[PDB]
Amino acid sequence: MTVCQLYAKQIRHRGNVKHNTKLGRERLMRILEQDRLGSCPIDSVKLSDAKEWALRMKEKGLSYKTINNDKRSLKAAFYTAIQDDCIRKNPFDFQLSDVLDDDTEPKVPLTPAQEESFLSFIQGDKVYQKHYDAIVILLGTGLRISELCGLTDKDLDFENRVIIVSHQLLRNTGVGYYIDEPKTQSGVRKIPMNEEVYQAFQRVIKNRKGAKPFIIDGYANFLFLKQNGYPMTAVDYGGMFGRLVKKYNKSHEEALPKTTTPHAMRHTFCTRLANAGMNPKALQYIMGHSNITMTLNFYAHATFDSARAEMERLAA
Amino acid sequence: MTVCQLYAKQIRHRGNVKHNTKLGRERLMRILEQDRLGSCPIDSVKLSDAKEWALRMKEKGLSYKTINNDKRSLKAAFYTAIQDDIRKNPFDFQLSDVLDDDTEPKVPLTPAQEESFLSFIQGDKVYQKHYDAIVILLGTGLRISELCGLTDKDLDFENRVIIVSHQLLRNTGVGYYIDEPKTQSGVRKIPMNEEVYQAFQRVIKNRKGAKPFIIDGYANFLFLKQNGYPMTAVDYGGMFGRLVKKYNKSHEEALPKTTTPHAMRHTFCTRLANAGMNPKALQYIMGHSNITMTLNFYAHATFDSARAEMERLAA
DNA sequence: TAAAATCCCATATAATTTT
DNA sequence: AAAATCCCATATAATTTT
DNA sequence: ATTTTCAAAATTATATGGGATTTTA
DNA sequence: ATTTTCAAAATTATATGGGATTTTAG
């Protein structure tokens, strides 16, 4: 009767998932264990009670997107039960836009000189000077942080000047490092090298030092290593950025965008190209976007004037 | 507890549909009455039985898309049936794992044959009439019923703007009617080329002897059937067929058979997409509900295609 | 010279494609 | 020389990506 | 239509720890 | 995540009467 652990039924028979999926799955479970909704009988839950849940999540302090993803998880869990011959009527099929307001504070990319002031700061700052070449690469590839982390020496071709992104190196508490196919589950992609990331990649390998024995799922010779001599992870480069941009903020009047993270580097790269008139399907391949809709979100909303102005551009 | 009865049940509980839709529903309803499947009680329908049906639909002569769309119609009906009892859906499969897709390539007009086409139309006595409409179609990529539905109130020569707010349809029994978008997303505005603007200025002067006509507050339609009433998608299509035929007997090189009013639109979108027009903007002009459709006009990128794009821009 | 095939307009109807 | 502040490293929880 | 759109799977954000500098006493 | 994606809603193809336009055979 519970929804706390009749939700556990859904995830049990949908078992083959990534580790990071198991973590988020557990989060929702403990939310249900904390929330009143958890103990409610499965056939007792009405559409009103589901809406109130969302409100409680926002009062609890969770993000709009966070709650929204949770509605979908709960929508599917019960949706099974509706199809699973248990008492049927789904309370979680509504639009969260009616209940709550989307207060998702947008992520603003860096501007051509904003990033230049950043790079110039780093270039000569002995502490974070070392990470300069990694950052340049992020702005010239649009790699996910774990895809950069996962770059082994076999994944680079300096002849054709091309990066072969075929996997990523993930680490989570408990399992340590592990290997996954890219979140580009659509497949594999090659990313060419401009001259500057090329020069950056050369220096990285040359500056590689003190690499401890480390091979996982057949992958061995990584370029980007921690102080340990072990490869970098997401959280390592993340927290590294948090100190660096803070270091920047102290000496620079205008602060960097609120979420200037490795992830933002990828965002900037894409935004630059999309606003440069790159073929939307060309950019999709490069960004490893499984969905073309995702790639389009980096293109600006169109109006009659913009469309018309464009139409004359191609006319003459 | 019959496939026919079930489909009849489904389409009953969903009546808020336009005329063409209930036409398409009855067409499928006829199939269920005729095909072996329709008699089957939904208690005893299997994934096997569904895939058999599709195989019969292929041998019948029906295209993949017809079968696939009808599959989805029937798939929907079973979704209704699971809730009120039925545990699983017989039509929850992929037609591609049952049927191969022979759907013919809809090829755009090469600028040379497009050029040769217009001069031909401009040339011969019988078809110089519709030169203006055809040029307008090509230079604006309007859907044929959006064209037929155009009136003087929908034009803006004072700023060269075409307001698509509606479409004039015509049907058997029903007659003429107009369908409007509930959302304001359906309204879209198209710029006028000097070619297009002038072409529309030469159709006003030639609109002759119009029969008295107003439908849902829409009157003075620009486009000209010789019986005094506005022309129709069917009335345009038939003419196109005759037009192309006389062209192809005159010309050795030409011309694609899929040539049709919507081929003008398909051509419009292709030449624009290839020339590098912003996808968001191109979606606006085309009036696509889904943005993915616009991108079907963009040839998928290879690593080589990705190679070129960046070597240009990334500097 | 009148005579027969066939282009043409229109439309009911069934199948295909857009999105 | 003592005490903050920083760098690097984690475990845990929430948010963004697709 | 097809594809996750009936959430998976990544990322950032936050809390805690010494040891190394940096900075005040 | 929403968007139709458990088809709606368009357009094109096929077939057939009338009526003008030029065909092949008197």
Side-chain angles (χ1 to χ4, degrees), chain A residues 14 17-21 23-25 27 61-63 65-66 68-70 72-73 75-80 82-83 90 92-93 95-97 104 107 127 144-146 168 170 173-174 180 183-186 226-228 234-236 238-240 242-243 246-247 259 261-263 289-291 293-294, chain B residues 17-21 23-25 27 30 61-63 65-66 68-80 89 91-92 94-95 103 106 126 143-145 167 169-170 172 179 225-227 232-235 237-242 245-246 258 260-262 288-293:
Chain A
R14 191 179 171 112
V17 289
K18 300 317 181 87
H19 183 252
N20 275 327
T21 296
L23 293 172
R25 275 184 164 184
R27 176 185 51 74
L62 299 192
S63 163
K65 286 180 175 175
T66 303
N68 195 14
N69 294 353
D70 300 329
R72 178 177 175 176
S73 297
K75 184 178 183 171
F78 262 16
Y79 159 73
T80 63
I82 273 56
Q83 218 139 13
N90 191 315
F92 290 88
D93 188 15
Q95 301 208 18
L96 201 78
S97 47
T104 286
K107 320 293 181 178
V127 180
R144 293 179 180 76
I145 190 53
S146 286
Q168 60 196 170
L170 315 171
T173 293
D180 260 331
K183 198 180 169 52
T184 307
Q185 337 229 222
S186 65
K226 307 170 62 167
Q227 190 185 243
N228 300 15
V235 298
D236 290 319
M240 174 269 161
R243 294 191 299 275
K246 171 178 180 178
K247 200 192 204 73
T259 314
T261 59
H263 169 19
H289 279 143
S290 189
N291 203 334
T293 65
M294 189 73 209
Chain B
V17 290
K18 298 183 187 178
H19 191 241
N20 292 325
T21 300
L23 276 181
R25 291 180 171 187
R27 184 192 55 87
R30 287 173 173 169
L62 299 179
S63 295
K65 287 183 170 176
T66 298
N68 213 21
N69 290 343
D70 283 12
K71 173 195 173 188
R72 175 180 171 174
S73 299
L74 294 178
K75 177 184 175 183
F78 282 93
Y79 178 76
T80 297
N89 182 8
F91 280 76
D92 201 336
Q94 290 288 307
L95 198 65
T103 299
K106 340 286 179 185
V126 196
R143 289 178 248 190
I144 187 56
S145 293
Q167 50 176 333
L169 302 171
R170 213 252 272 203
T172 295
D179 287 341
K225 217 195 293 189
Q226 277 189 333
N227 72 332
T232 306
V234 185
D235 283 294
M239 160 231 154
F240 258 89
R242 306 172 196 118
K245 285 173 184 174
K246 197 166 75 162
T258 52
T260 206
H262 255 219
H288 288 148
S289 59
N290 194 333
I291 192 160
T292 56
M293 183 68 194

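In what follows, chains are A, B, ... by sequence order, proteins preceding strands, each numbered from 1.
The CE atom of A/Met294 sits 5.0 Å away from atom NE2 of A/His289, with the distance rounded to the nearest 0.5 Å. Between A/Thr261 atom OG1 and A/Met240 atom CE the span is 12.5 Å, to the nearest 0.5 Å.
Across D/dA13 and E/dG18, the matching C1' atoms stand 23 Å from one another, rounded to whole Å. If you take atom P in C/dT13 and the same atom in E/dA7, they sit 45 Å apart, rounded to whole Å. Atom name P, nucleotides F/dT11 and F/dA15: the rounded distance is 22 Å, in whole Å. A distance of about 15 Å separates the P atoms of F/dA10 and F/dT4, rounded to the whole Å.
Taking atom CG of A/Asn90 as the reference point, atom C1' of F/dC6 lies 15 Å away to the nearest angstrom. Atom CD in A/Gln95 sits roughly 15 Å away from atom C1' in E/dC6 (whole-Å rounding). Spacing between atom CZ of A/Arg243 and atom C1' of D/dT10 amounts to 12 Å, rounded to whole angstrom units. One interatomic measurement links the two molecules: CD of A/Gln83 to P of E/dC6, which rounds to 13 Å at whole-angstrom precision. Residue B/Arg27 contributes atom CZ, which lies 10 Å from atom P of C/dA14 at whole-angstrom precision. Atoms NZ (B/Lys225) and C1' (C/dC8) sit 14 Å apart, rounded to a whole Å. B/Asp70 places its CG atom 13 Å from the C1' atom of F/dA9, with the value rounded to the nearest Å. Rounded to whole Å, the distance from CE on B/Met239 to P on C/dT11 is 16 Å.
Contact record, A/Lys75 with A/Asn90: O-ND2, 3.1 Å, taken as the closest heavy-atom pair. Counting all heavy atoms, side chain and backbone alike, B/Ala233 lies closest to B/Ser145 at CB-OG, 3.9 Å. The two atoms that bring A/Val127 and A/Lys247 nearest to each other are CG2-NZ, 4.2 Å, heavy atoms only. For the pair A/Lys183 and A/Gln168, the tightest heavy-atom approach, listed with the atom from each and the gap, is N-OE1, 3.7 Å. Closest of all the heavy-atom pairs between B/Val17 and B/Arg25 is CG1-NH2, 3.4 Å.
When distances are taken from the side chain of B/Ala76 to each of E/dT11, F/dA7, F/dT12, the shortest belongs to F/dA7. Across F/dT11, E/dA1, C/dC8, the shortest atom-to-atom separation from the side chain of B/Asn68 is found for E/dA1.
For the pair C/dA4 and C/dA5, the rule of 5.5 Å between ring centres and 30° between base planes classifies them as not stacked.
B/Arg170 has its side chain within reach of B/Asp235: a pair of non-hydrogen atoms, C-beta onward, lies under 4.5 Å apart. The closest side-chain heavy-atom distance from B/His19 to B/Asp179 is not below 4.5 Å.
For B/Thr21, no side-chain nitrogen or oxygen approaches OP1 or OP2 of F/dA8 to under 4.0 Å. OP1 or OP2 of C/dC8 has at least one side-chain nitrogen or oxygen of B/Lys246 nearer than 4.0 Å. Put simply, B/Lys75 has no side-chain N or O that comes within less than 4.0 Å of OP1 or OP2 on F/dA7. Neither OP1 nor OP2 of F/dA7 sits under 4.0 Å from any side-chain N or O of B/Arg25. Neither OP1 nor OP2 of D/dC7 sits under 4.0 Å from any side-chain N or O of A/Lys246. Between A/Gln168 and E/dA9 there is no side-chain polar atom (N or O) within less than 4.0 angstrom of OP1 or OP2.
Taking a pair as Watson-Crick or G-U wobble with both distances under 3.5 Å, DNA chain D forms stems of 3 or more consecutive pairs at D:3-8 with E:17-22, D:10-13 with E:12-15, D:15-18 with E:7-10.
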Would you tabulate the pairs of protein nitrogen or oxygen atoms and nucleotide nitrogen or oxygen atoms of nucleotides 16-18 of chain D closer than 3.5 angstrom?
| unit_1 | atom_1 | unit_2 | atom_2 | d |
| --- | --- | --- | --- | --- |
| D/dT16 | OP1 | A/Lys107 | NZ | 3.2 |
| D/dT16 | OP2 | A/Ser63 | OG | 3.2 |
| D/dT16 | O3' | A/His263 | NE2 | 3.2 |
| D/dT16 | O4 | A/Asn69 | ND2 | 2.9 |
| D/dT17 | OP1 | A/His263 | NE2 | 2.9 |
| D/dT17 | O4 | A/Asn69 | ND2 | 3.0 |
| D/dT18 | OP1 | A/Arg144 | NH2 | 3.0 |
| D/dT18 | OP1 | A/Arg266 | NH2 | 3.1 |
| D/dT18 | OP1 | A/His289 | NE2 | 3.4 |
| D/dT18 | OP2 | A/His289 | NE2 | 3.3 |
| D/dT18 | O3' | A/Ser290 | N | 3.2 |
| D/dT18 | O3' | A/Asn291 | N | 3.2 |

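Counting any heavy atom pair closer than 4.0 Å across all strands shown, B/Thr172 reaches a base atom. In this structure, B/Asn227 reaches the sugar-phosphate backbone alone: every heavy-atom distance under 4.0 Å involves primed, P, OP1 or OP2 atoms, never a base. Using a 4.0 Å heavy-atom distance criterion, A/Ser146 is classed as a sugar-phosphate-only contact. Within the 4.0 angstrom heavy-atom criterion, no nucleotide atom of any strand lies near B/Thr232. Backbone-only engagement by B/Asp179 is indicated by non-hydrogen atom pairs under 4.0 Å involving sugar-phosphate atoms exclusively. Within 4.0 Å (heavy atoms only), B/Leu169 reaches sugar-phosphate atoms of the nucleic acid but no base atom. Among the protein residues, B/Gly61 comes within range of the sugar-phosphate backbone only, with heavy atoms under 4.0 Å from sugar or phosphate atoms but none that close to a base. Among the heavy atoms of the strands, none lies under 4.0 Å from A/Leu23.
Partners of A/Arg14 under the salt bridge (charged side-chain N to carboxylate O under 4.0 Å, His left out) rule, at least two apart in sequence or in another chain, do not exist in this structure.
North puckering is assigned to the sugar ring of E/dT4, since its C1'-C2'-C3'-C4' angle is above zero.
A/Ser63 places a side-chain N or O within donor-acceptor distance of the main-chain N or O of A/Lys65, the cut-off being under 3.5 Å.
Heavy-atom distances to DNA chain C give each of B/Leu62 and B/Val234 a nearest nucleotide, and the one nearer the 5′ end belongs to B/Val234.
Counted within 6.0 Å of NZ on A/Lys246, heavy atoms from surrounding residues, nucleotides or ligands total 12 or fewer; the atom is thus considered open.
Figure legend. C/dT1 is base-paired to no nucleotide; pairs are counted as Watson-Crick or G-U wobble with both atom distances under 3.5 Å.
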